[PDB]
Amino acid sequence: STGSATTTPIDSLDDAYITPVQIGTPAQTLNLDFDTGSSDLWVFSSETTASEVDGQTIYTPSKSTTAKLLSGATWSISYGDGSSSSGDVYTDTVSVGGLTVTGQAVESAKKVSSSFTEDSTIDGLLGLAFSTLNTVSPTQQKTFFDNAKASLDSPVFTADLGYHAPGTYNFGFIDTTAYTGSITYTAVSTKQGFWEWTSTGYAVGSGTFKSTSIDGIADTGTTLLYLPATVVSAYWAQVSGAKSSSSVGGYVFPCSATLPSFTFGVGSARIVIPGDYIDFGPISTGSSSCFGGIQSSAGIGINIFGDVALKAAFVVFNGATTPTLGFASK
Ligand SMILES: Cc1cccc(C)c1OCC(=O)N[C@@H](Cc1ccccc1)[C@@H](O)C[C@H](Cc1ccccc1)NC(=O)[C@H](C(C)C)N1CCCNC1=O
């Protein structure tokens with residue numbers, strides 16, 4: 001089997017991407033944030049505290065003839081930015097772009113934190129990291145990809161995120177028309193439950209490539225590119241007037257600037273992020289100071305190849321017995 005679904009930026013800055021997902025019988029379509037950095041499929045629901053729902057589409061399990069409460073099961077998650085959600089668990093039928101999983105754990109929110117309430121465009125998350133990170137207690141549950149993997153033509157999914165444009169998540173096959181050149185594969189450590197890999201280095205604009213190992217995670221659920229402070233300082237030094245602002249919480253730059261590209265290494269291959277991908281617009285409405293898309297990972301504890309990096313590539317998440325990650329230019 002295979003599946004294919006279009007993923008769409010939620011706003012003009014590509015702050016996140018949403019993908020339609022069919023849940024239950026008859027289908028209830030919710031737009032979920034596909035997140036290779038977490039392993040819970042959770043949704044706004046008829047059980048979510050009413051004051052915490054503000055425009056989201058909700059899952060109503062009582063209207064699904066295939067929904068079953070998973071007795072005694074609860075979930076609770078806290079994300080890297082301090083956002084959180086929690087609730088109970090149903091099993092139900094879940095389909096993505098024609099690919100169907102029966103018995104998928106659908107985590108129904110009773111509580112969500114304010115950042116989720118304030119984003120009317122995201123109806124929940126679909127986790128695509130490894131199932132060891134799933135938060136359901138007392139019995140951990142499997143991700144959508146884990147449940148589907150054995151049925152897929154190939155045990156893979158691919159992320160093709162667009163810049164200011166729609167893109168595609170494919171399950172079970174590699175669309176050889178979606179990229180240029182070859183796919184370079186690189187080793188993955190699953191010990192932290194992430195798609196964790198080691199970049200071979202970087203370059204800023206037309207500058208010299210610096211060979212240096214950068215351990216980090218491929219995370220479709222993080223907007224920006226978070227890299228070591230030395231790397232990020234070298235990038236923003238090439239942007240006249242850029243500075244790290246402690247009040248804003250990262251590097252800002254004059255909105256009139258033309259940003260240089262940023263290149264990262266995948267083995268001997270190179271992925272080039274165009275400068276425009278690194279512009280996240282005014283820090284506040286009407287300001288001429290703009291927020292940078294490459295930021296220091298010092299406060300995080302891990303480097304994150306988020307959407308800024310991944311949308312410059314066609315990315316293969318290979319879930320074979322020994323998982324690997326593939327990157328191609330496109
Ligand atoms: C679940 C789990 C188990 C074990 C260990 C950890 C760290 C676990 O947490 C996983 C985790 O936080 N993953 C995040 C990136 C992560 C992995 C490991 C450590 C730290 C972080 C990321 O993919 C998911 C989450 C999605 C989200 C959150 C709030 C609103 C909307 C979307 N995204 C975010 O937190 C990011 C942060 C990092 C800037 N974020 C917040 C919104 C706006 N945009 C955005 O980019």
Side-chain angles (χ1 to χ4, degrees), residues 6-19 33-37 158-169 178-181 184 195 197 199 201-207 209-210 214 216-228 231-242 244 248-266 269-283 288-297 300 303-316 325-330:
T6 300
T7 191
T8 303
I10 65 168
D11 62 18
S12 64
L13 300 172
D14 300 346
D15 278 321
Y17 296 79
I18 51 175
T19 311
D33 186 349
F34 281 27
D35 183 11
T36 62
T158 64
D160 180 4
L161 302 183
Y163 166 68
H164 292 173
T168 306
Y169 280 105
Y179 58 87
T180 62
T184 294
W195 294 89
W197 64 291
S199 180
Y202 70 95
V204 176
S206 61
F209 185 85
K210 173 77 167 183
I214 305 174
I217 67 165
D219 188 358
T220 58
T222 294
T223 313
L224 305 187
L225 175 50
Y226 293 91
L227 291 173
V231 180
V232 174
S233 181
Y235 178 81
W236 288 109
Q238 294 311 306
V239 180
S240 193
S244 183
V248 177
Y251 281 87
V252 301
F253 69 94
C255 292
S256 63
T258 306
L259 296 181
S261 63
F262 184 89
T263 300
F264 66 93
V266 183
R270 308 285 179 255
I271 300 294
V272 181
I273 307 169
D276 286 358
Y277 291 26
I278 298 157
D279 182 353
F280 278 75
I283 61 179
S288 66
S289 184
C290 276
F291 196 68
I294 295 173
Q295 298 294 345
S296 178
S297 66
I300 300 168
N303 300 307
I304 303 177
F305 294 86
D307 295 338
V308 165
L310 302 185
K311 75 174 155 209
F314 177 89
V315 188
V316 181
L325 263 182
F327 291 84
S329 295
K330 64 184 186 195

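Count residues from 1 along the sequence. The figures here come from the full heavy-atom set of this structure, side chains too, leaving out hydrogens, waters and symmetry mates.
In this structure, OG1 in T223 is found 10.0 Å from CD1 in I304, a value given to the nearest 0.5 Å. Atom OG of residue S297 and atom CG of residue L225 lie 9.5 Å apart, to the nearest 0.5 angstrom. Distance check, rounded to the nearest 0.5 Å: CG of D307 to OG1 of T222 gives 7.5 Å. Rounding to the nearest 0.5 angstrom, the gap separating the CG atom in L13 from the CG atom in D279 is 8.0 Å. Separation of atoms CZ (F253) and OG (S289) is listed at 8.5 Å; rounding is to 0.5 Å.
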Determine all donor-acceptor pairs shorter than 3.5 Å in which one atom belongs to a side chain in residues 269-277; sequence neighbours excluded.
from	atom 1	to	atom 2	distance (Å)
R270	NH1	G267	O	3.0
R270	NH1	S268	O	3.4

Output side-chain donor-acceptor pairs under 3.5 Å for residues 159-169, partner residues at least two apart or in another chain, one line each.
from	atom 1	to	atom 2	distance (Å)
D160	OD1	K330	NZ	2.8
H164	NE2	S12	O	3.2

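In this structure, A218 and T36 approach most closely via the heavy-atom pair O-OG1, 2.8 Å. Nearest heavy atom pair, residue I214 against residue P228, reads CG2-CD, 4.0 Å. The minimum heavy-atom distance between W236 and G293, with the atom names listed, is CZ2-N, 4.0 Å. Between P254 and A242, the shortest heavy-atom distance links the atoms CD-N, 4.0 Å. Scanning both residues, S199 and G265, for their nearest heavy atoms gives OG-O, 2.7 Å. Residue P9 comes nearest to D14 through the heavy atom pair CB-OD1, 3.2 Å, listed as atom of the first residue, atom of the second, then distance.
With a 4.5 Å cut-off on side-chain heavy atoms, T180 and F314 do not count as touching. Residues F291 and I283 form a side-chain contact, since some pair of their non-hydrogen atoms from C-beta on lies under 4.5 Å apart.
Each of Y202, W195, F264, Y226 was compared with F305 under the ring pair (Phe, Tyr, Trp, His ring centres under 6.0 Å) criterion, and only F264 meets it. Paired with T19 under the rule side-chain hydrogen bond (donor to acceptor under 3.5 Å, both in side chains), one option of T8, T7, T220 passes, and it is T7.
Qualifying side chain to side chain contact (heavy atoms under 4.5 Å, CB included) partners for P260, counting only residues two or more places apart in sequence or in other chains: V204, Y235, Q238, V239.
Looking at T158, its side chain never comes within 3.5 Å of a backbone N or O of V316 through a donor-acceptor pair. A donor-acceptor pair under 3.5 Å is absent between the side-chain atoms of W197 and the main chain of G326, judged by distance alone.
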